[PDB]
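**Student:** Please find one structure pasted underneath; my questions will follow.
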Amino acid sequence: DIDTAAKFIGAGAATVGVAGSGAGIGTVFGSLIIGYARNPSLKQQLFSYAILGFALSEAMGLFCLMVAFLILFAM
Amino acid sequence: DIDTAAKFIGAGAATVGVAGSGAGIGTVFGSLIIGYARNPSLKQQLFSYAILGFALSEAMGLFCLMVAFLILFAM
Amino acid sequence: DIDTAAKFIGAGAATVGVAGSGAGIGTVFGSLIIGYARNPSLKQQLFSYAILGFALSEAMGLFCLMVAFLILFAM
Amino acid sequence: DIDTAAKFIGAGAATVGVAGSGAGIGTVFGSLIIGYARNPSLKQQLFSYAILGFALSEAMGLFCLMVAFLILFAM
Amino acid sequence: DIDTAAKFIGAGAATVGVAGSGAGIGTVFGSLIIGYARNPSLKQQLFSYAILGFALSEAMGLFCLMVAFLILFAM
Amino acid sequence: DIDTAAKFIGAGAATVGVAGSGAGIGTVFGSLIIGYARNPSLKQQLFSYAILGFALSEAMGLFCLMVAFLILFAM
Amino acid sequence: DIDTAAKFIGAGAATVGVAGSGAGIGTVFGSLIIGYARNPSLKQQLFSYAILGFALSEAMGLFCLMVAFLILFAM
Amino acid sequence: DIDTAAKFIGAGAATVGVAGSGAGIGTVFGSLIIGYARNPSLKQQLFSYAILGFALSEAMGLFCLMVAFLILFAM
Amino acid sequence: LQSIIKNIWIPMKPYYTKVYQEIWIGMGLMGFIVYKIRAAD
Amino acid sequence: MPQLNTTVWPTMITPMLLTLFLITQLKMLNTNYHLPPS
Amino acid sequence: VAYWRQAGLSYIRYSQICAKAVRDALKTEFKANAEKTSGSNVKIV
Amino acid sequence: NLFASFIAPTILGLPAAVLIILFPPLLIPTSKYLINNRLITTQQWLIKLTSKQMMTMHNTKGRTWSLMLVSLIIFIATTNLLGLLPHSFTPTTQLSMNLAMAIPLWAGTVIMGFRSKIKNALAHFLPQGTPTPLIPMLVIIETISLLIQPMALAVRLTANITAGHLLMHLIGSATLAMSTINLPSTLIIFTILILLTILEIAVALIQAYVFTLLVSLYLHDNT
Amino acid sequence: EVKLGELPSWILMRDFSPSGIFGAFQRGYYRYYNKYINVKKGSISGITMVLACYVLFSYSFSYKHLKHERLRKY
Amino acid sequence: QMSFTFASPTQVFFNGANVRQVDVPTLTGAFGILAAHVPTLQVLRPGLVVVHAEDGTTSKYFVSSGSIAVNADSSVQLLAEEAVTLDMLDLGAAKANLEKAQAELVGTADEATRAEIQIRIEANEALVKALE
Ligand SMILES: COc1nc2ccc(Br)cc2cc1[C@@H](c1ccccc1)[C@@](O)(CCN(C)C)c1cccc2ccccc12
């Protein structure tokens with residue numbers, strides 16, 4: 001069958017969307033180091049941004065894994 | 001049926017466009033941590049530009065998930 | 001059959017080019033947060049540059065949906 | 001025909017390179033926002049660099065539309 | 001056998017998401033240099049952020065290599 | 001028959017490496033704008049580096065475009 | 001055959017992962033020049049991070065050149 | 001034949017790794033402008049870090065061009 | 001056919017002879033390319 | 001792509017050279033900026 | 001380059017208004033004492 | 001059928017592509033007078049502001065091209081702007097014309113860098129503060145990019161006017177298709193065409209300034 | 001000159017030389033240039049009337065292509 | 001390692017003291033200053049200054065103008081033209097004079113004499129946020 005062969009290239013291409021949430025977490029936790037070394041008195045508030053920014057970045061990255069596990073198995 | 005098999009690699013490759021909206025939400029909330037460390041007095045007005053800049057970057061990401069959900073389900 | 005199939009492999013692989021417009025809109029509205037926290041008196045002069053930098057991202061985002069259209073409909 | 005079908009894959013893959021130039025116009029028009037909030041007296045000389053940076057980055061995206069159209073239409 | 005040959009493509013294309021992490025680790029350890037060249041008496045706490053960032057991006061670089069090893073062998 | 005069909009896919013993939021120069025030339029002219037606004041008395045020497053950078057990033061992108069044709073036309 | 005053909009497409013699409021180990025090595029040595037020009041009194045300690053960052057981003061590039069030389073020579 | 005065919009998609013997709021060394025040379029020579037606009041009295045030591053970063057990022061580009069010219073003519 | 005010297009070549013004299021001398025050396029290169037491209041077609 | 005139809009190239013090369021090098025420049029040599037007086 | 005610097009002012013004029021503002025917000029227990037320890041009396045010819 | 005606006009125009013069997021390339025200079029009148037009309041007053045000002053931009057950065061030998069590099073930004077900025085008119089055939093979408101403006105100005109720029117001052121032009125290939133042990137690799141870049149600069153110019157301009165016209169012509173055909181469909185959508189596809197026409201006006205000038213700046217920067221590196 | 005003549009001989013009366021019809025353009029140009037362009041306080045309509053006569057020419061040769069796109073056939 | 005020096009024109013708060021961190025409101029955006037901080041020199045804007053003694057115990061003064069200058073030998077010299085501790089300011093006059101400043105701007109249109117209002121506005125805007 002070819003669909004079983006197309007679902008593999010369909011999934012193995014969807015997981016490339018994770019390459020965005022891997023360079024987007026290095027820019028959030030990389031801008032916490034630059035932002036905290038300047039004003040280290042806001043560590044408990046700059047952090048609570050680097051968690052919102054890290055959750056809204058892996059979210060758009062786990063969609064491409066949910067899509068992969070939606071093409072590969074679940075129709 | 002090489003028809004529906006090509007509709008898998010289509011959605012599978014059209015969803016790689018989300019790798020932009022993953023590295024764009026990283027630079028919005030990354031540069032909010034930096035810009036808020038400098039002038040923490042404008043915490044409210046900066047966060048109103050993050051939501052505006054996060055959505056405008058995530059919109060361009062959902063348009064890929066909307067396209068991947070057309071080549072796959074609509075036609 | 002293969003000719004009408006090789007389009008979804010080419011169309012979907014062409015709407016990836018709008019990933020670059022998802023990162024270009026991040027860096028634009030990510031620098032409006034950094035540039036406004038520095039000079040909060042130019043809130044209306046900067047915001048008009050962000051709209052300019054945002055519009056010019058759709059421009060290069062449309063050059064892709066054109067070739068994603070031609071491959072799909074006007075082969 | 002496999003020869004005319006492979007044109008749609010290459011043409012659709014060639015135009016992915018517009019993701020680059022779509023991400024370098026956000027850097028330029030994002031740097032203009034930063035560099036103009038630091039020396040707003042240079043507004044005309046900075047914008048004369050956002051123009052040269054716009055056209056020289058965007059140009060690299062059209063070199064991909066060249067091969068997107070050299071393949072799709074002119075063999 | 002078109003499926004066993006397809007696994008070499010889906011598994012060789014899923015492993016390009018690693019190119020996202022590898023670019024979000026140079027941002028982290030390039031922000032540790034900009035943030036340590038400014039406030040070096042924070043070397044302890046900065047390095048405990050350049051590890052939380054290194055171990056959160058390089059986790060996304062492993063979710064890709066997880067699917068690359070899920071198609072190549074687990075099927 | 002397929003030996004020529006593969007020269008339209010192998011050449012459509014080789015030419016997407018130009019996207020690395022659409023983002024490079026943006027970083028070079030996104031720094032000639034920031035760096036200038038800080039030290040506007042070195043315009044003659046910053047521009048002399050933005051050109052060296054624009055020529056060396058473009059020289060990498062055009063290697064891809066040359067392998068695009070050296071596959072599509074030579075062998 | 002069909003396998004020895006796909007083994008070249010998988011080993012080719014996998015070594016694209018180096019494209020993330022080239023943008024990291026760029027950002028690390030791009031911050032070694034910015035960080036050392038700000039605080040040249042830390043030349044030996046900033047350079048001791050630009051070697052760690054060089055080796056840790058290039059370690060994700062080897063992970064792709066390894067999975068390329070696995071489909072290409074091992075299996 | 002299917003070997004001489006796939007060896008063109010392989011050697012045609014392996015050379016996308018140069019997209020890394022395109023944006024790695026743009027950051028090194030981009031931040032050299034920002035590293036010089038700050039401390040212009042180090043022009044000899046900065047430019048010796050740019051050439052080190054230009055030769056180590058491009059070397060990752062050659063490792064990709066080396067593979068594309070290995071699965072084409074070598075074997 | 002006068003004033004083709006005076007209006008059309010007298011002004012362009014210092015340029016077509018001294019300044020654009022190397023332009024024509026390049027314009028010969030171009031003509032060789034155009035004919036060659038049309039020769040292989 | 002109709003740009004590649006090389007049969008009509010000499011129709012685009014020669015009237016350009018007759019404009020970029022002889023007609024547009026001649027009209028520039030007529031645009032002179034005199035030095036200001038005392 | 002801030003807005004007042006574009007408007008012709010200088011940092012001395014910027015500091016004279018910011019310091020006047022702090023004193024104008026001092027409480028009456030201290031406002032009288034603080035104004036005479038920093039008031040001006042010099043005059044230009 | 002789609003690339004129709006790029007085929008060499010002919011009327012009544014006559015190659016009308018010559019009356020279109022020779023027209024731009026007709027929009028630049030000149031006068032010997034001292035106080036003329038509004039047209040030549042605005043034009044002689046633009047030529048003053050333009051020449052002071054491209055040419056100020058040059059030395060005395062580079063300023064002898066101040067007639068070429070100004071009469072070139074005036075011919076490309078007027079050919080592009082005359083292409084935005086409806087149905088117009090803009091000859092800057094032609095790889096033939098653009099290769100004829102690019103090769104001479106480039107070849108005539110490196111020749112004067114090789115026929116004279118050659119020993120100095122040999123030092124741009126090797127940057128100043130360059131260590132040795134990897135020079136045999138850098139020599140490829142500075143030459144193979146030099147050998148492809150003339151093709152970078154002619155294609156940066158061809159592929160930017162062509163693709164700018166193709167886009168405006170497609171988005172135009174969109175508004176025509178959704179005209180007989182929901183009309184409040186036609187007005188949003190049309191307002192995209194208006195923002196796109198304001199962009200193609202700017203890129204009509206920018207592509208003229210960048211072409212004549214990169215020919216300037218090549219010249220500055222050879223004089 | 002015409003606009004006051006009535007005879008078909010005028011068509012053959014004219015100087016139809018390579019230098020003849022040129023002087024009819026060079027005089028037809030200076031009669032237009034002096035009217036709309038070469039006046040102080042001139043308006044843009046001296047130009048937006050040349051372009052309007054440049055579109056009709058850019059459309060005249062482009063009609064052999066647009067005819068293949070009529071939406072009727074009669 | 002740090003040698004702080006915080007001094008009004010008429011008063012001295014610290015002098016050669018060894019505190020571990022200061023948080024000053026520089027015109028180019030606030031930043032915190034620990035030992036071996038990169039040498040800088042700035043000019044303040046109205047805002048707090050938190051001084052962290054070695055014991056981790058703070059001290060909060062409200063500077064109004066001046067110039068901090070971190071030096072190469074980890075010495076700091078913070079000089080405020082009017083540095084009053086928060087126990088001396090009131091919230092009512094700040095909010096009131098800010099209103100008298102904001103309401104007087106709209107009635108003014110000259111670039112110079114309106115620039116002096118915004119500086120009075122931000123000086124009072126920075127006051128209400130410092131008190132509470
Ligand atoms: C509103 O969004 C825009 N803003 C712009 C801003 C500036 C410029 Br100059 C062009 C802009 C263009 C548009 C859209 C548009 C709307 C209508 C017609 C044409 C174009 C868009 O092109 C989005 C572009 N992105 C996603 C690549 C689009 C294209 C195709 C299908 C769409 C479907 C749904 C939504 C948007 C769709």
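Residues are named by chain letter and number: chains run A, B, ... in the order of the structure tokens, numbers start at 1 in each chain, and ligands are numbered from 1 in the order shown.
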List every residue of chain M that DSSP, applied to the backbone of this structure, places in alpha helix (DSSP H), and write the result as a PyMOL selection string.

**Tutor:** chain M and resi 9-13+20-32+52-60+63-66

**Student:** Within 9 Å of ligand 1 (counting only C-alpha atoms and all ligand atoms), which residues show up? I'd like them as JSON, numbers by chain.

**Tutor:** {"B": [59, 60, 61, 62, 63, 64], "C": [15, 17, 18, 19, 21, 22, 52, 54, 55, 56, 57, 58, 59, 60, 61, 62, 63, 64, 65, 66], "L": [171, 174, 175, 185, 186, 188, 189, 190, 191, 192, 193, 194, 195, 196, 197, 198, 199]}

**Student:** Within 9 Å of chain N, which residues of chain B are there when counting only C-alpha atoms? Please give them as an mmCIF file with C-alpha atoms, in the first residue's frame.

**Tutor:**
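Output below, filename selection_38.cif:
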data_model
loop_
_atom_site.group_PDB
_atom_site.id
_atom_site.type_symbol
_atom_site.label_atom_id
_atom_site.label_comp_id
_atom_site.auth_asym_id
_atom_site.auth_seq_id
_atom_site.Cartn_x
_atom_site.Cartn_y
_atom_site.Cartn_z
ATOM 1 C CA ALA B 37 13.975 44.786 32.563
ATOM 2 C CA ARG B 38 15.034 48.199 31.266
ATOM 3 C CA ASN B 39 11.812 50.137 31.942
ATOM 4 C CA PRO B 40 9.744 48.035 34.366
ATOM 5 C CA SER B 41 7.457 51.012 34.920
#

**Student:** Skip residue 3 (chain J) itself and residues of its chain fewer than 3 positions away, then list as JSON, numbers by chain all residues within 9 Å of it, counting only C-alpha atoms.

**Tutor:** {"J": [6, 9], "L": [6, 7, 8, 93, 94, 95, 96]}

**Student:** Rounded to one decimal, what separation in Å do you get between CA of residue 75 (chain B) and CA of residue 7 (chain B)?

**Tutor:** 8.2 Å

**Student:** Between CA of residue 13 (chain C) and CA of residue 1 (chain A), what is the distance, to one decimal in Å?

**Tutor:** 23.2 Å

**Student:** For the interface of chain A with chain E (cut-off 8 Å, counting only C-alpha atoms), please tabulate each contacting residue of chain A alongside its nearest pair of atoms and their separation in Å to one decimal, rows sorted by chain and increasing number, as a tab-separated table.

**Tutor:**
residue	atom	partner	partner_atom	distance
A:1	CA	E:3	CA	7.4
A:2	CA	E:3	CA	6.8
A:4	CA	E:3	CA	6.5
A:5	CA	E:3	CA	4.2
A:6	CA	E:6	CA	7.4
A:8	CA	E:10	CA	5.3
A:9	CA	E:10	CA	4.2
A:10	CA	E:10	CA	7.3
A:11	CA	E:10	CA	6.8
A:12	CA	E:10	CA	4.0
A:13	CA	E:14	CA	5.8
A:14	CA	E:14	CA	7.6
A:15	CA	E:14	CA	5.6
A:16	CA	E:17	CA	4.5
A:17	CA	E:17	CA	7.0
A:18	CA	E:17	CA	5.8
A:19	CA	E:20	CA	3.7
A:20	CA	E:20	CA	5.9
A:21	CA	E:60	CA	7.1
A:22	CA	E:21	CA	4.5
A:23	CA	E:24	CA	4.0
A:24	CA	E:24	CA	6.9
A:25	CA	E:57	CA	5.6
A:26	CA	E:24	CA	4.1
A:27	CA	E:27	CA	6.3
A:29	CA	E:53	CA	5.1
A:30	CA	E:28	CA	4.5
A:31	CA	E:31	CA	7.0
A:32	CA	E:49	CA	7.9
A:33	CA	E:35	CA	5.9
A:34	CA	E:35	CA	4.7
A:35	CA	E:35	CA	7.9
A:36	CA	E:35	CA	8.0
A:37	CA	E:35	CA	5.3
A:38	CA	E:39	CA	7.1

**Student:** Next, write the just-selected residues to a file, as a compact mmCIF listing (two decimals), in the first residue's frame, keeping N, CA, C and O atoms as the atom set.

**Tutor:**
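This is the output file part_19.txt:
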# COMPACT_ATOMS: atom_id res chain seq x y z
N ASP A 1 0.83 -1.19 0.00
CA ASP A 1 0.00 0.00 0.00
C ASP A 1 0.87 1.25 0.00
O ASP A 1 2.00 1.23 0.50
N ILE A 2 0.35 2.33 -0.56
CA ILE A 2 1.12 3.57 -0.63
C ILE A 2 0.71 4.55 0.47
O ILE A 2 1.54 5.36 0.90
N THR A 4 0.12 3.85 3.60
CA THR A 4 0.99 3.53 4.72
C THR A 4 2.39 4.08 4.51
O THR A 4 3.11 4.36 5.48
N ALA A 5 2.81 4.23 3.25
CA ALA A 5 4.11 4.83 2.97
C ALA A 5 4.04 6.35 2.95
O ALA A 5 5.05 7.01 3.20
N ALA A 6 2.88 6.91 2.64
CA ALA A 6 2.74 8.36 2.64
C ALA A 6 2.54 8.91 4.04
O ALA A 6 2.93 10.04 4.33
N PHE A 8 4.12 7.98 6.55
CA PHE A 8 5.43 8.08 7.19
C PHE A 8 6.16 9.35 6.77
O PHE A 8 6.78 10.01 7.60
N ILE A 9 6.09 9.70 5.49
CA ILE A 9 6.68 10.95 5.04
C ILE A 9 5.83 12.13 5.49
O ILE A 9 6.34 13.24 5.68
N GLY A 10 4.53 11.91 5.68
CA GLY A 10 3.69 12.98 6.20
C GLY A 10 4.01 13.31 7.64
O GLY A 10 4.00 14.48 8.04
N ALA A 11 4.30 12.29 8.45
CA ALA A 11 4.64 12.52 9.85
C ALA A 11 6.08 13.00 9.98
O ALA A 11 6.36 13.97 10.69
N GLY A 12 7.01 12.33 9.30
CA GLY A 12 8.40 12.74 9.33
C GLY A 12 8.66 14.12 8.77
O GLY A 12 9.79 14.61 8.85
N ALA A 13 7.64 14.76 8.20
CA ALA A 13 7.76 16.15 7.77
C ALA A 13 7.07 17.10 8.73
O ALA A 13 7.48 18.25 8.87
N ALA A 14 6.02 16.63 9.41
CA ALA A 14 5.33 17.47 10.38
C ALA A 14 6.22 17.78 11.58
O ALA A 14 6.16 18.88 12.13
N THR A 15 7.05 16.83 11.99
CA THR A 15 7.91 17.06 13.14
C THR A 15 8.99 18.09 12.88
O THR A 15 9.74 18.41 13.81
N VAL A 16 9.12 18.59 11.65
CA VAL A 16 10.06 19.68 11.42
C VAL A 16 9.54 20.99 11.98
O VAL A 16 10.31 21.93 12.18
N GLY A 17 8.24 21.08 12.25
CA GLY A 17 7.71 22.26 12.92
C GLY A 17 8.24 22.45 14.31
O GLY A 17 8.17 23.55 14.86
N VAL A 18 8.79 21.39 14.92
CA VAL A 18 9.39 21.49 16.24
C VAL A 18 10.69 22.28 16.19
O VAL A 18 11.12 22.82 17.21
N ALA A 19 11.32 22.39 15.02
CA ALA A 19 12.54 23.19 14.91
C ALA A 19 12.29 24.66 15.19
O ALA A 19 13.24 25.40 15.42
N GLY A 20 11.04 25.10 15.16
CA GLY A 20 10.72 26.46 15.51
C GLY A 20 10.67 26.65 17.00
O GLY A 20 11.27 27.58 17.54
N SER A 21 9.97 25.76 17.69
CA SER A 21 9.89 25.81 19.15
C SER A 21 11.19 25.40 19.82
O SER A 21 11.21 25.29 21.05
N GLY A 22 12.25 25.16 19.07
CA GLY A 22 13.54 24.86 19.66
C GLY A 22 14.45 26.06 19.57
O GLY A 22 15.33 26.24 20.41
N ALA A 23 14.26 26.87 18.53
CA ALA A 23 14.91 28.16 18.43
C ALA A 23 14.10 29.27 19.07
O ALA A 23 14.62 30.37 19.24
N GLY A 24 12.84 29.00 19.40
CA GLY A 24 12.03 29.97 20.11
C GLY A 24 12.09 29.84 21.61
O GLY A 24 11.65 30.75 22.32
N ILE A 25 12.59 28.71 22.11
CA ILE A 25 12.85 28.58 23.53
C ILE A 25 14.25 29.06 23.87
O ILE A 25 14.48 29.54 24.98
N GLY A 26 15.19 28.98 22.93
CA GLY A 26 16.49 29.57 23.14
C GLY A 26 16.50 31.08 23.07
O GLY A 26 17.45 31.70 23.56
N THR A 27 15.48 31.68 22.48
CA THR A 27 15.35 33.13 22.48
C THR A 27 14.55 33.65 23.66
O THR A 27 14.61 34.84 23.96
N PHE A 29 14.60 31.82 26.92
CA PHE A 29 15.56 31.60 27.98
C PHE A 29 16.94 32.16 27.66
O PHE A 29 17.86 31.99 28.45
N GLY A 30 17.09 32.81 26.51
CA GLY A 30 18.32 33.52 26.22
C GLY A 30 18.13 34.99 26.50
O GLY A 30 19.08 35.70 26.80
N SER A 31 16.89 35.45 26.42
CA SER A 31 16.56 36.83 26.76
C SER A 31 16.14 36.97 28.21
O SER A 31 15.81 38.08 28.64
N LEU A 32 16.13 35.88 28.96
CA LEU A 32 16.03 35.96 30.41
C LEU A 32 17.40 36.17 31.03
O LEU A 32 17.53 36.87 32.03
N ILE A 33 18.44 35.59 30.42
CA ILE A 33 19.80 35.80 30.90
C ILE A 33 20.24 37.24 30.66
O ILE A 33 20.88 37.85 31.51
N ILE A 34 19.92 37.79 29.49
CA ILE A 34 20.28 39.17 29.21
C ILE A 34 19.40 40.12 30.02
O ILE A 34 19.85 41.19 30.45
N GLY A 35 18.14 39.75 30.24
CA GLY A 35 17.25 40.61 30.98
C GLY A 35 17.42 40.54 32.48
O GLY A 35 17.03 41.48 33.17
N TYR A 36 17.98 39.46 32.99
CA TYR A 36 18.20 39.32 34.42
C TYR A 36 19.57 39.84 34.83
O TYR A 36 19.72 40.40 35.92
N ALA A 37 20.59 39.66 33.99
CA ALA A 37 21.90 40.21 34.29
C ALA A 37 21.88 41.73 34.35
O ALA A 37 22.77 42.33 34.95
N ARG A 38 20.88 42.37 33.75
CA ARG A 38 20.78 43.82 33.83
C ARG A 38 20.08 44.25 35.11
O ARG A 38 20.61 45.08 35.87

**Student:** Would you mind reading off the distance between CA of residue 153 (chain L) and CA of residue 55 (chain M), one decimal, in Å?

**Tutor:**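 Spanning CA of residue 153 (chain L) to CA of residue 55 (chain M) is a straight-line distance of 28.8 Å.
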
**Student:** Taking only C-alpha atoms into account, which residues of chain D are within 9 Å of chain J, as a ChimeraX atom specification?

**Tutor:** /D:69-70,73-74

**Student:** Any idea which chain L residues end up within 12 Å of chain I if we count only C-alpha atoms, as number ranges by chain please?

**Tutor:** L: 61-69, 95-116, 150-151, 219

**Student:** Take the residues that were just selected and, keeping N, CA, C and O atoms, output them as a tab-separated table (two decimals), in the first residue's frame.

**Tutor:**
chain	number	residue	atom	x	y	z
L	61	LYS	N	38.69	60.26	-9.15
L	61	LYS	CA	38.55	59.43	-10.34
L	61	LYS	C	37.19	58.74	-10.39
L	61	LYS	O	36.65	58.52	-11.48
L	62	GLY	N	36.62	58.40	-9.23
L	62	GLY	CA	35.29	57.82	-9.22
L	62	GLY	C	34.21	58.82	-9.57
L	62	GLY	O	33.13	58.44	-10.03
L	63	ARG	N	34.48	60.11	-9.36
L	63	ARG	CA	33.51	61.14	-9.67
L	63	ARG	C	33.47	61.49	-11.15
L	63	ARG	O	32.63	62.31	-11.55
L	64	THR	N	34.35	60.93	-11.96
L	64	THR	CA	34.22	61.10	-13.40
L	64	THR	C	33.09	60.26	-13.97
L	64	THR	O	32.69	60.49	-15.12
L	65	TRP	N	32.57	59.31	-13.20
L	65	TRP	CA	31.39	58.55	-13.56
L	65	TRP	C	30.11	59.21	-13.08
L	65	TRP	O	29.05	58.59	-13.14
L	66	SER	N	30.18	60.45	-12.60
L	66	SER	CA	29.01	61.12	-12.06
L	66	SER	C	27.99	61.46	-13.14
L	66	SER	O	26.90	61.93	-12.81
L	67	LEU	N	28.33	61.26	-14.41
L	67	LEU	CA	27.32	61.36	-15.45
L	67	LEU	C	26.68	60.01	-15.71
L	67	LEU	O	25.49	59.93	-16.03
L	68	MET	N	27.45	58.93	-15.58
L	68	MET	CA	26.92	57.61	-15.84
L	68	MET	C	26.00	57.15	-14.72
L	68	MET	O	24.84	56.80	-14.95
L	69	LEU	N	26.49	57.17	-13.48
L	69	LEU	CA	25.72	56.64	-12.37
L	69	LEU	C	24.57	57.54	-11.96
L	69	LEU	O	23.81	57.16	-11.06
L	95	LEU	N	15.48	39.96	-19.24
L	95	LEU	CA	16.83	39.55	-18.90
L	95	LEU	C	17.84	39.99	-19.94
L	95	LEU	O	19.04	40.03	-19.64
L	96	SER	N	17.40	40.31	-21.15
L	96	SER	CA	18.32	40.80	-22.17
L	96	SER	C	18.77	42.22	-21.85
L	96	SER	O	19.97	42.48	-21.73
L	97	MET	N	17.82	43.14	-21.71
L	97	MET	CA	18.16	44.52	-21.39
L	97	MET	C	18.95	44.60	-20.09
L	97	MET	O	20.00	45.26	-20.03
L	98	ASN	N	18.48	43.93	-19.04
L	98	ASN	CA	19.14	44.02	-17.75
L	98	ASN	C	20.55	43.44	-17.79
L	98	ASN	O	21.44	43.94	-17.10
L	99	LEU	N	20.78	42.40	-18.59
L	99	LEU	CA	22.13	41.89	-18.74
L	99	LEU	C	23.00	42.83	-19.56
L	99	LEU	O	24.23	42.74	-19.49
L	100	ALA	N	22.39	43.73	-20.33
L	100	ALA	CA	23.15	44.70	-21.11
L	100	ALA	C	23.47	45.96	-20.32
L	100	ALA	O	24.39	46.69	-20.68
L	101	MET	N	22.71	46.25	-19.26
L	101	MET	CA	23.07	47.32	-18.34
L	101	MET	C	24.03	46.86	-17.26
L	101	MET	O	24.70	47.70	-16.64
L	102	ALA	N	24.11	45.56	-17.00
L	102	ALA	CA	24.86	45.05	-15.86
L	102	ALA	C	26.28	44.66	-16.22
L	102	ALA	O	27.22	44.99	-15.49
L	103	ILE	N	26.47	43.97	-17.34
L	103	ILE	CA	27.78	43.45	-17.72
L	103	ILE	C	28.74	44.59	-18.06
L	103	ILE	O	29.85	44.62	-17.52
L	104	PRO	N	28.38	45.54	-18.94
L	104	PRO	CA	29.34	46.62	-19.24
L	104	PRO	C	29.74	47.43	-18.02
L	104	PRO	O	30.93	47.63	-17.77
L	105	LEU	N	28.76	47.92	-17.26
L	105	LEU	CA	29.08	48.71	-16.08
L	105	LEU	C	29.89	47.91	-15.07
L	105	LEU	O	30.68	48.48	-14.31
L	106	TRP	N	29.71	46.59	-15.03
L	106	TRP	CA	30.52	45.78	-14.13
L	106	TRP	C	31.89	45.49	-14.73
L	106	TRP	O	32.92	45.73	-14.09
L	107	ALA	N	31.92	44.97	-15.96
L	107	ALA	CA	33.20	44.67	-16.60
L	107	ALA	C	34.06	45.91	-16.70
L	107	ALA	O	35.25	45.88	-16.37
L	108	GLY	N	33.48	47.03	-17.13
L	108	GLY	CA	34.20	48.29	-17.14
L	108	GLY	C	34.58	48.80	-15.77
L	108	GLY	O	35.24	49.84	-15.67
L	109	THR	N	34.17	48.11	-14.71
L	109	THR	CA	34.54	48.50	-13.36
L	109	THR	C	35.69	47.66	-12.82
L	109	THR	O	36.58	48.19	-12.14
L	110	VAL	N	35.70	46.36	-13.11
L	110	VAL	CA	36.81	45.53	-12.67
L	110	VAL	C	38.00	45.66	-13.61
L	110	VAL	O	39.14	45.46	-13.19
L	111	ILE	N	37.76	45.98	-14.89
L	111	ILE	CA	38.86	46.20	-15.82
L	111	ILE	C	39.75	47.33	-15.32
L	111	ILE	O	40.97	47.18	-15.20
L	112	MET	N	39.14	48.48	-15.02
L	112	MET	CA	39.90	49.57	-14.42
L	112	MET	C	40.44	49.22	-13.05
L	112	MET	O	41.23	49.99	-12.49
L	113	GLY	N	40.05	48.08	-12.49
L	113	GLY	CA	40.66	47.57	-11.28
L	113	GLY	C	41.73	46.55	-11.60
L	113	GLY	O	42.52	46.18	-10.73
L	114	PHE	N	41.74	46.07	-12.85
L	114	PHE	CA	42.77	45.14	-13.31
L	114	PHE	C	43.72	45.75	-14.32
L	114	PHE	O	44.88	45.33	-14.38
L	115	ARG	N	43.27	46.71	-15.12
L	115	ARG	CA	44.16	47.41	-16.04
L	115	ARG	C	44.96	48.50	-15.34
L	115	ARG	O	46.01	48.91	-15.84
L	116	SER	N	44.47	48.99	-14.21
L	116	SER	CA	45.19	49.94	-13.38
L	116	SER	C	44.83	49.68	-11.93
L	116	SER	O	43.77	49.11	-11.62
L	150	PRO	N	27.93	40.42	-11.86
L	150	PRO	CA	27.16	40.94	-13.00
L	150	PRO	C	25.84	40.22	-13.21
L	150	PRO	O	24.90	40.82	-13.74
L	151	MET	N	25.75	38.95	-12.83
L	151	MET	CA	24.48	38.24	-12.93
L	151	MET	C	23.61	38.44	-11.70
L	151	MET	O	22.42	38.14	-11.75
L	219	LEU	N	32.34	50.36	-8.24
L	219	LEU	CA	33.24	51.40	-8.71
L	219	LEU	C	34.12	51.92	-7.58
L	219	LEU	O	35.33	52.10	-7.75
